[PDB]
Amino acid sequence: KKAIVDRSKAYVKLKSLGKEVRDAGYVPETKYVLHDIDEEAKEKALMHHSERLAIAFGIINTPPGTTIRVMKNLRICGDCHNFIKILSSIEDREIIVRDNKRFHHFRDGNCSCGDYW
């Protein structure tokens, strides 16, 4: 209930981050979203990938510059990998996403996996 409030705050930050990461050169690859829905809804479906929501929550919940550490039991999709790389170029935080195979260390617009995962 109050946890729904934490989610709400993450979705709000995500919208903000979405605009800035777009300004930084992120272009959402919506050809991936296999639903008979409009382009805006497809872009929202990608923005709402849970690793983005968890990163947005980490950013509002921690002091500026704090390393963000997110764990996802599933592989990070190509679109999230691009989004988080670009976010790491404009947010002065190390962002670490642990997926099913590795620790993706996003720093300064690069990932430690070299985009091969």
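In case it trips you up, residue 1 is the first one in the sequence shown, and so on.
Student: What stretch has the higher average Cα B-factor here, 60-68 or 26-34?
Tutor: Going by the record's values, the stretch with the higher mean is 26-34.
Student: Out of 82-90 and 42-50, which one has CA B-factors that are higher on average in the deposited record?
Tutor: The recorded data point to 42-50.
Student: Can you tell me whether residue 77 has a C-alpha B-factor in the lowest, middle or highest third compared with the other modelled residues of the same chain?
Tutor: Lowest third, going by the recorded CA B-factors of the chain.
Student: How does residue 98 rank on Cα B-factor within its chain, lowest, middle or highest third?
Tutor: Tercile = middle for this residue's CA B-factor.
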